[PDB]
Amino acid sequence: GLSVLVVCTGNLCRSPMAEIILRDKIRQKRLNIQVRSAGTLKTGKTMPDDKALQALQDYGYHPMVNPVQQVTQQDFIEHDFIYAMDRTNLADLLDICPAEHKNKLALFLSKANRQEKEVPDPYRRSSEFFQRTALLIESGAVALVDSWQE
């Protein structure tokens, strides 16, 4: 059958989510297409992010998940199409994709008739908000320390 690979930076959130969702919709439509996911960067992790998996459960998907893996050279040959979650992902694959297979590269959102062209990284968004929390807590802490000396 057909072979599809989905790729984000760490294979921790976005691309594993797409794999699980694609697999399900493929099985609903009884298509003979298999799907995997991979990251551009070697992470130390074994399994995808728990918060990715819980969001899939909230929407009725069963997250039975493959181990995290980084993209390889054989992936560009063995797979029929390969989808990138954001432009940075698409660039790094093109950076290392031999010219014979570069037409197989595309952004994940390319067939959805929507304004959004990249799916943004939830992890960077997460970090931004934790950094924002720190600043608010810092402001609170300074006031408490003042009040205490009074």
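One-based numbering along the sequence shown.
Task: Mean temperature factor over C-alpha atoms, higher-scoring stretch between 96-104 and 120-128 - done: The stretch with the larger average C-alpha B-factor is 96-104.
Open item on the list: Highest mean C-alpha temperature factor of the two stretches 21-29 and 129-137, which is it?
Closed with: If you average the C-alpha B-factors of 129-137 and of 21-29, the larger mean comes out for 21-29.
Task: Largest Cα B-factor, entry values, listed residues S37, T46, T88, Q57 - done: The C-alpha B-factor peaks, among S37, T46, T88, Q57, at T88.
Open item on the list: How does the C-alpha B factor of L2 compare with the rest of the chain: lowest, middle or highest third?
Closed with: Its C-alpha B-factor, which the entry lists for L2, ranks in the highest third among residues of this chain.
Open item on the list: Ranking every modelled residue in this chain by its Cα temperature factor as given in the entry, which third contains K42?
Closed with: Ranked within chain, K42 CA B lands in the highest tercile.
Task: Chain-wide C-alpha B factor ranking for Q70, given as lowest, middle or highest third - done: Middle third.
- [ ] Could you tell me which third, lowest, middle or highest, the C-alpha B-factor of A52 occupies within its chain?
- [x] As the PDB entry reports it, the C-alpha B-factor of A52 lands in the lowest third of its chain.
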